[PDB]
Amino acid sequence: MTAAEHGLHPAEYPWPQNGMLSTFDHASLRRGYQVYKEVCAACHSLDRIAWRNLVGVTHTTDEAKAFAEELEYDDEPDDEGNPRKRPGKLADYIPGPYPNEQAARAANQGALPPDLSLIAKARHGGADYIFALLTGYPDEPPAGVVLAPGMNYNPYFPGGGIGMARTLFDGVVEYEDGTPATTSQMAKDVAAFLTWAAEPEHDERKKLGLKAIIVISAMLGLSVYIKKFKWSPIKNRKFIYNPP
Amino acid sequence: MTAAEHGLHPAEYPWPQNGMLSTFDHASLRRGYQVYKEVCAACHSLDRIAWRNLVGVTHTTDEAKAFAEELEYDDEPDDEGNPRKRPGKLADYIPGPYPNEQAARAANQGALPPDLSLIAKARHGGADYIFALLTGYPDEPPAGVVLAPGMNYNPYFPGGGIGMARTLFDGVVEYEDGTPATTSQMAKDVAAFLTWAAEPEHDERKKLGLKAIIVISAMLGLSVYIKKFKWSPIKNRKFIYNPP
Amino acid sequence: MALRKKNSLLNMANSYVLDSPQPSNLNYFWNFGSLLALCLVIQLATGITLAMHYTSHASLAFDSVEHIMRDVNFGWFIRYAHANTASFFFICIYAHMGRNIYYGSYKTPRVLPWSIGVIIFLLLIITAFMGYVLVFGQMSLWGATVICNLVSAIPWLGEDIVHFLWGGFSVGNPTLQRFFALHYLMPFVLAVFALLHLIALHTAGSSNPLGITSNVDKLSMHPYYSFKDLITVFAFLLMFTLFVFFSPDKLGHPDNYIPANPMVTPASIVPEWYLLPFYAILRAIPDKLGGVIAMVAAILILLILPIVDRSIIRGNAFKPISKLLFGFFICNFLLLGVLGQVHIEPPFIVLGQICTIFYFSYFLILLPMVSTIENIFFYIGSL
Amino acid sequence: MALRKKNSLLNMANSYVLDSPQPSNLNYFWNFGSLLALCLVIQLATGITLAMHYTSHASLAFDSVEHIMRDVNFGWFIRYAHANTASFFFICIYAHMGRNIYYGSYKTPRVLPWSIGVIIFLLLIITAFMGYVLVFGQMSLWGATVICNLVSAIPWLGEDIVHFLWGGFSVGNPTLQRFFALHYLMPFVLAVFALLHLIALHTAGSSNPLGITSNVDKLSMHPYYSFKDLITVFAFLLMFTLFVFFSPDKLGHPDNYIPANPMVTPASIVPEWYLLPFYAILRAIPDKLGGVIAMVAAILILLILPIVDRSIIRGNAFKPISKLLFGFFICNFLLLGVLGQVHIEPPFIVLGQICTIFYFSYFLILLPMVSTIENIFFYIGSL
Amino acid sequence: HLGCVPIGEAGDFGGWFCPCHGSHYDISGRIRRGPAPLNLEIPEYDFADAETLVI
Amino acid sequence: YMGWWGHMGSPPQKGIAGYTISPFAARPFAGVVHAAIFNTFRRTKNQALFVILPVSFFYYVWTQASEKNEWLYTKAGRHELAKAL
Ligand code: HEC
Ligand code: HEC
Ligand code: HEM
Ligand code: HEM
Ligand code: HEM
Ligand code: HEM
Ligand code: FES
């Protein structure tokens, strides 16, 4: 297959979470949530994430309750069996922009924007692919490329023509921590946030792995000593043969 | 417990399907469907039964398709993702009178009319209980019984006070086969129909059981001959002992 | 040397089903072992097939069982076969255990197969209890609730253990999905223990109705007991046929055709019939923890039969008083069963307590006394 | 007499894990058998636990796996442990089979454990394939579709058999629910066959790296091989830890994190890595039925090694030419693996055919020729 | 008593009346008349706000 | 072909005296550094060709095939690709 059909392979960026002992940067996760909420969430759902998931990762209990309480969710029917709405709770999932696929495609010239909850695991490249894609729209497609109508050129996307246009531009978001919201900074934060959304156990998993590595290595060393200790009578055995 | 707390035990009526070798009377099943449709279906669903289920039991393919095609069912959303309706098909389930439990209870003074698809198996007594209950509303409750508001006296119902009023009266239905629709006749037909709805394999099952009974009995007889044949050298063995 | 003896794999089968030396006088009560093997094979085949159509999620479980009944080809038969064979499994296991108690199969040198047998019986109870919950009808839910709450009696940690078993604060979806996984597993564990009790038995061989050694007079398992087993297999299949095809719901509870509803409580919550004697024993003790202990003790007390039977003779064929006592013990066990499903009302409350005392006193008092006296009567009577 | 010898149950364990007489010179490649037993134990424990949280219905399957990852305590670990141990299971089984082929473990008198071993390997493939479908991501669905359509090649009845396997006209809910039930069962069948191949082996005992009898010099299994097994257990657990905790998705396909969509076809539909050599062999034959036969033959041809190896000596330790040929055979098998996941493009099409010919010619031509010539060289060379 | 749900406002102590065996609970939900042995159990509840309780 | 302890199936043994010492009396890691360096080097040197020859051959075959495949799907390889299909 041609390189174009594969898509250009994203660079390996030095993410904070790269590194056997490294967690996510939670300040970046919080900023990335804000990019999700203000830019991506217009077209993309994050359906696997509940408000409670943000608590103690990016937000306090009160902030997350406030986000939930601003929305309306379907309640159980009232006593005459008529539909009712309630305010959101921490157990509720973050609601998506569209009621069904047909509505989603109608708003995006036929293309269906995927749910982003697993996108960092569902694409080769992970955070690097998301970062490369969001920052990799050239001003002009390479001479000779004919884009289908409603397609945008992006070399990281296989085949080159993606139905999503460039969306991150310097200062589309105003970060609440005073960080300069440049295209690169926003792409880095939202890629970090999406990686967390795909693998929220990441920080705990790598710490438990460090404990396991240490214990298992010590046990491996001791098991070698013990095996050698027990085998030495066999290894050291000597014979004298006197032919009968 | 008091007999009243148990409910009066229904008589054993001679149903056509009683009898190891007996099927349902399908003419009674068809008439019972008509009682369901014109009387019970106002309050009770039959959610486990699809239109295809009637075909070749009570109705022809065309009659059942006509019943389905008169109703509207939810289709897949249109291209803008807006809701749409379609006419019914044979695969569709028979639709119930209420959208939810809350609506059902609101229409029945707080009581919830059960779905009738399994009712013949879900009550001690089966067809006899359904027949006894529908025909067993006395004109006057026995002296001294105090009914709760919205309750009707029926001795077959445990405790005596049922939230369902008498519904079958001579000539509420006009049967399409010219059968006189008396209370007793309609109760018998609808009880037969509901029994079929609970156990639609009944006729096939009992015929396969007849074949199994015959084969297994023959095999039992032959296995006795063969066991006796093989054992006879052991059974017939004789000894002469001469003490050494 | 014949291949069936020379090849190690063939020789294992040979030792159990073909050349296995059997007493020449086993009566028809020695046929329940092969009936139990048949029930286990039917439950494996029907159970694995139901698992191909059943959905363990609480929102779909009850409806997946209705889909089996209504849409799956022969699904009604596979479902009814599985549900009825669970009852037949218990009839055969009670018969097999009754044979073992009457003929002294628990005595030396067969203490080990008997003791492993008691664990088989416990695994069958757990297996059947979990399988019943899977329907997720009213009896499924309320039976799970009441039986699992007995664990709350364990001091200190009981409540925590119950929440851990349920995977939440009541019986719900987590409980149903875990019961599915364990119900699928437990029959395989049961088959291993069934195999272990046979390997343990193989050191002494089968006992026989006279209670004497059969080392003087052996018959090959095949063809004699193969062909004698076919008779009871076909008798069993006739009983199976009558229930599965002509009366498939006779042994069941109609409330299990109502979907589980945590709000409405059924009029009476009882276990399946084969658990009823143990439920009557539990009701007899007023204390919660007392009752649970008594109920477990009623099964574990089978482990002391090798000790409390003081007879110098194996089995009851020649012991008129032991035969009378055994008759009373069995009928009392059936009465306990009946009392397990009556309402908690006079006069059945006291009757259940007296029957419970009789149940335990068989093991602790009567069998040790009677077996001691009969030893003396055999000695003096034949002088 | 010691209890471990006197009691028949204890004596069975004793014969396999304690007093079992082993050669004194087994090298570390004799440790894969216990690693495979460890993988089987991990897969049973993790698999039964996943079954307590997984829902087999197609509408909920993929989401139940996300619930395991996100909500179940340690669910991420149990899921990653189960998915990674499936790969480790195949690494260990290829190592164990490679050991067996290099050291002549298939020769008399060990033809029976080897032949049952080939069936174990087939059951592992089926087990792993069904388990992979259960996620119900894109690779799950499309892998099931293409692999199950190979059955359509069976003449006359092939299409009918496929519809019967699927329980419908395409891979869907019926197929997923049956694969769940079979995926749960197949590991138990696999454990039985693993036990059978060990009982068959016990008649000759383990072979050893020199290929000679060890009847002259035996060591007890315990403590020597117990403690030597602990070393490779801890080495395995270190590798397990690195994948499960630090790189849990390295061995997987990202497309399996997209929910199954029968409309969109993924760019490349490949099996899991451990099936890749067999897929390259199938691609090599242009005919559909031809390709299926070749692919099955590639596994069943292992059954003829006892015949085509004409050597008078067991194993390759002392056979320089056989060792070279074995080296080429193994590297060719790895190249077939790589070619199983490339695109069907020049020049890999022809290369795959040449590697396929080499694979089969090892069994049919080269090993019979080389083993014949080495017999002559040992005889003449030592005169 | 057994575990029906009492119909409230009904009774004879005008609190709750269980229709099943006729046990009467109070405005405290204390048992006054009928087979029931205990008063209606109290869950573990706290007033987070004055307008919302959590149970 | 295998018996059990006491009747393992060995031909009669005679004339061999075997000696060994307790695991507590021995240094388990005696001579470890010599083994780790010189013994491993000897064992590895004697087996190196049997690994190097097939690995190097099949790696070269792969390398050539993968580079050709890559080149055929460039612009430069258009014509050769057209012929190859
Ligand atoms: C107004 C529309 C719109 C906005 C705003 C938007 N997207 Fe998208 N996105 C799409 C559409 C449409 C697709 C599908 C493109 C296709 O498949 O051709 C898509 C696809 C993607 C993909 C998948 C590309 C692939 O490999 O399949 C990722 C990752 C993505 N978007 C992330 C983002 C992130 C991160 C943001 C913003 C911070 C974002 N999107 C903003 C419309 C949008
Ligand atoms: C307009 C209302 C209404 C009509 C018409 C009606 N029912 Fe009912 N039915 C109820 C209500 C309400 C209940 C619940 C009664 C209760 O539980 O107290 C009920 C309960 C039942 C029960 C179950 C009683 C039990 O044991 O729980 C059966 C069976 C039944 N109906 C059958 C029928 C049949 C058959 C028909 C007509 C041919 C019928 N119903 C007509 C309202 C109705
Ligand atoms: C000793 C073996 C077994 C016994 C005693 C047993 C018992 C039971 C019982 C009592 C039920 C309730 C049946 C009902 O009333 O509907 C049941 C249901 C079930 N069992 Fe088993 N079972 C056994 C083996 C198996 C096995 C091996 C499986 C394999 C999965 C299995 C799968 C099921 C399933 C899926 C259900 C629920 C669907 C249904 O109710 O029919 N069972 N089992
Ligand atoms: C799955 C359940 C079981 C199966 C398949 C099974 C099978 C068998 C079989 C085939 C035999 C040999 C033939 C016979 O005597 O009937 C046997 C003997 C025996 N079983 Fe069971 N059994 C089971 C459960 C039990 C239980 C629960 C007990 C004890 C509580 C038990 C105790 C024994 C004893 C003591 C014997 C030896 C009896 C004798 O021959 O004297 N078994 N069993
Ligand atoms: C030899 C033993 C086994 C092997 C090789 C094996 C292999 C696999 C594989 C490859 C998957 C797909 C994993 C993934 O990528 O997510 C899987 C999934 C699964 N397996 Fe197994 N398995 C085995 C034993 C078992 C057993 C005994 C159970 C008991 C039920 C089981 C239950 C499951 C379940 C529920 C899933 C789906 C959830 C998931 O994907 O993690 N497995 N298995
Ligand atoms: C679940 C998979 C398996 C398990 C758990 C297993 C386990 C074992 C164990 C513990 C041994 C004895 C110790 C050893 O030599 O490593 C062994 C020996 C053997 N296995 Fe396996 N095995 C499995 C699969 C296979 C397969 C797939 C084959 C063949 C294709 C096979 C063929 C053999 C043979 C021939 C031996 C005797 C080797 C010898 O000692 O010379 N096994 N296996
Ligand atoms: S159930 Fe409440 S009064 Fe008896």
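Numbering of ligands and ligand atoms starts at 1, following listing order. Keep in mind that the numbers below use all heavy atoms, side chains included, and drop hydrogens, waters and symmetry copies. In the text below, chain A, chain B and the rest are named by the order of the sequence lines, each starting its count at 1.
- Checking only distances, C:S207 does come within under 3.5 Å of ligand 4, N or O to N or O.
- Heavy-atom contacts of C:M97 reach the following atoms of ligand 4: 30 (C) (cutoff under 4.0 Å).
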Note every protein N or O atom lying under 3.5 Å from an N or O atom of ligand 1, pairing the names and giving the distance.
from	atom 1	to	atom 2	distance (Å)
ligand 1	7 (N)	A:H44	NE2	2.8
ligand 1	9 (N)	A:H44	NE2	2.9
ligand 1	18 (O)	A:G163	N	2.8
ligand 1	26 (O)	A:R123	NE	2.8
ligand 1	26 (O)	A:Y129	OH	2.6
ligand 1	27 (O)	A:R123	NE	3.3
ligand 1	27 (O)	A:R123	NH2	2.8
ligand 1	31 (N)	A:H44	NE2	2.9
ligand 1	40 (N)	A:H44	NE2	2.9

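- Considering only non-hydrogen protein atoms, atom 4 (C) of ligand 4 sits nearest to C:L36 CB, 3.7 Å.
- Distances from atom 6 (C) of ligand 4 to the heavy atoms of C:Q22, C:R99, C:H202, C:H197 put C:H197 nearest.
- The ring-ring contact (aromatic ring centres under 6.0 Å, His included) with C:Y94 is formed by just one residue from the set C:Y274, C:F333, C:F88, C:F89; it is C:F333.
- A donor-acceptor contact shorter than 3.5 Å is absent between the side chain of B:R31 and the backbone of B:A181.
- Residue-ligand proximity: C:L40 is placed with every non-hydrogen atom at 4.0 Å or more from ligand 4.
- Remark: ligand 4 and C:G33 share an N or O pair separated by less than 3.5 Å (distance only, no angle test).
- The SG atoms of C:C39 and C:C92 lie 2.5 Å or more from each other.
- Between the side chain of C:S34 and the main chain of C:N31, a donor-acceptor pair closer than 3.5 Å is present.
- Judged purely by atom type and a 3.5 angstrom limit, C:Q22 has no side-chain atom pairing as donor or acceptor with the backbone of C:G205.
- Closest to atom 1 (C) of ligand 4 among all protein heavy atoms lies C:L190 CD2, 3.5 Å.
- The heavy atom nearest to atom 9 (C) of ligand 4, out of those in C:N31, C:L198, C:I120, is found in C:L198.
- Interatomic distance, B:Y98 OH to B:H44 NE2, rounded to the nearest 0.5 Å: 8.5 Å.
- Side-chain N or O atoms of C:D229 include none that pairs as donor or acceptor with a backbone N or O of C:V233 at under 3.5 Å.
- Under a cutoff of 6.0 Å and an axis angle of 45°, C:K228 and C:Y28 form a cation-pi pair.
- Inter-residue side-chain proximity for C:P209 and C:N25 is flagged as met; some heavy-atom pair is nearer than 4.5 Å.
- Nearest-heavy-atom check against atom 27 (C) of ligand 4 across C:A37, C:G117, C:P113 picks out C:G117.
- When atom types are taken as modelled, the side chain of A:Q34 and the backbone of A:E174 share a donor-acceptor pair closer than 3.5 angstrom.
- Among protein heavy atoms, the minimum distance from atom 40 (O) of ligand 4 is reached at C:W30 NE1, 3.2 Å.
- The contact set between ligand 4 and C:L201, taken as ligand atoms under 4.0 Å from a residue heavy atom, comprises 18 (C), 37 (C).
- Not one N or O of C:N100 is nearer than 3.5 Å to an N or O of ligand 4, by distance alone.
- Taking distance alone, with nitrogen or oxygen atoms compared against 3.5 Å, C:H96 approaches ligand 4 more closely than that limit.
- Counting only distance, with no hydrogens or angles, the side chain of B:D115 and the backbone of B:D47 share a donor-acceptor pair below 3.5 Å.
- More than 12 heavy atoms of other residues, nucleotides or ligands shown are found within 6.0 angstrom of NE2 on B:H6.
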